[PDB]
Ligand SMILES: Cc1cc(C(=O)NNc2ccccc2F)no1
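Given next, in structure tokens, is a single chain: the form deposited without the ligand.
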């Protein structure tokens, strides 16, 4: 309904102008507001098929139907003559700053989603605060503004992956004619960490400057929602106070889990600690088999480490298991050992970490396999990657009424709204959604536009592409082969597949038939592409563009009629022809 949209837009927007692009009265009001440095949203009624119906609905509030009409926080302010009179009498600034709450928007959490939502809301005149606080890890690690991805996630992880990839580039360079000897070259962990941490510091600073430039209030304080519109904040000096806000966005993210075994918290570490560790981990055990576990084990092996991965059941649960097994097989042939069907029982300390000279300690890990056989081996570093969890008990008083699911994540509708109407949740704490940085950013930006600029567009969470940055990378978009068969039946699924060899690997004498790709397709729906999978170098660059085509409903015929770019790895998708049902080998 047009009238329900208009009622919601008026009640929600901080400062909004209803306009037409061809009206010189509307242009004149825009110029007044611009000169007054008053930020606002604008709706151009002449670009909307229902613009005339909107004009009649506006008279509900204003008892006029003409354009322009200015609103502030649910209340009609005036037409052109009224707005210009307030300005000429120096009354306009006071009217547009009048609010019942301290802020139009309070964002709890200053990470991927929360910073994006706060910056976007401020563009439309929402008076906005962003709260961020980083509870230290058990050994004391903490960091600055920007969230998990910036400080202890995608950003440092991919930079250390790049340092690992450069090991193989140095080797390949000999074959391509360069005079170096890879056998005589080693890696300095502390030099890498110093550069990674210096880049992260520039990002912390840039986010502070960006908030100041958008007139967003940044508070380095711990927030707790105690009623629908009240947030209790605790200072760095432990001073406690309360601020109020009209809309609330919860964006507090997750932290790593520890297993409930003796010694884990005291003597192990997680990804939170790894990316700033001042000593090389040395002989390392990674416990777990998530993409975090395998990414970290992979680059530690390429940087000279002796690395073992302890796997409870399978690798990359939730991902296509043919692809997961090929990922691990490459890792095992390139220096990662696996202890399969095995879990830990206790971590004992044999030597304390030498903080003065930057050397790891020594640990005795005891565990057991599923048959019953015992595990016992010494490691210098033990990294836990056994999942991540929110801690919303700290963030959210139970009496507010925001409903959580059985894992402690927020139950939201398709507009990110919680069970309390003015409170929203974005990012990793939103139950059921893919836990990825560009998802959090899109959700936050799009939500701010609906609240403060009358937008209607929702975030689309389907067929979101992924890439696992293991030593040989794995990109995917859509269904695994096993999920497609479960949903539609084996007789309705056709799979096209092929190995390939990067041209860069020929002169370098690397493997002929390890890189692999496949398209999982539905026969009865014009051979629709249900899922795309690729194992190879630069897999995130390969996969990204196809995600647009899959959103558009690409079929196998759409891939066939498109011409390849030569020489690339990605062009192999344009000539796939071997089906799995045919039994013909996929090798090159």
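For clarity, a rigid core is taken as the largest C-alpha set superposing within 1.5 Å between two forms. Positions refer to the first chain, counted from 1.
Note on 393-401 and 430-438: with rigid core alignment, C-alpha atoms in 9 other deposited structures of this protein sit farther from this form for 393-401. In terms of root mean square C-alpha deviation after superposing on the rigid core in 9 other deposited structures of this protein, the stretch standing farther out between 148-156 and 366-374 is 366-374. Averaged over Cα atoms, the B-factor as recorded in the entry is higher for 43-51 than for the other of 523-531 and 43-51. Set 314-322 against 464-472 and average the Cα temperature factors; 314-322 ends up higher. Highest C-alpha temperature factor among 542, 29, 563, 554, as the PDB entry reports it: 29. Residue set 96, 150, 116, 383: peak C-alpha B-factor at 96 (per PDB entry). When the CA B factors of the chain's modelled residues are split into thirds, the value for residue 346 lands in the highest one. Ranked within its chain, residue 433 lands in the middle third, by CA B factor from the PDB record. Ranked within its chain, residue 82 lands in the middle third, by CA B factor from the PDB record. Among the modelled residues of the chain, residue 353 sits in the highest third by CA temperature factor in this PDB entry. In this PDB entry, residue 239 carries a Cα temperature factor that places it within the highest third of its chain's modelled residues.
Another form, the form deposited with the ligand bound, is not on view; read the next lines as being about it.
Out of the listed residues 97, 214, 513, 466, 466 is the one that sits within 4.5 Å of the ligand in the entry with it bound by at least one heavy atom. Checked against the ligand in the entry with it bound, the candidates 92, 77, 484, 436 yield a single residue with a heavy atom inside 4.5 Å, and that residue is 436. Using a 4.5 Å cutoff between non-hydrogen atoms, residue 177 does not count as a contact of the ligand in the entry with it bound. Contact check for residue 207: no non-hydrogen atom falls within 4.5 Å of the ligand in the entry with it bound. In the entry with it bound, no heavy atom of residue 86 sits within 4.5 Å of the ligand.
Scanning 398-432 for heavy atoms within 4.5 Å of the ligand in the entry with it bound gives just one residue, 432.
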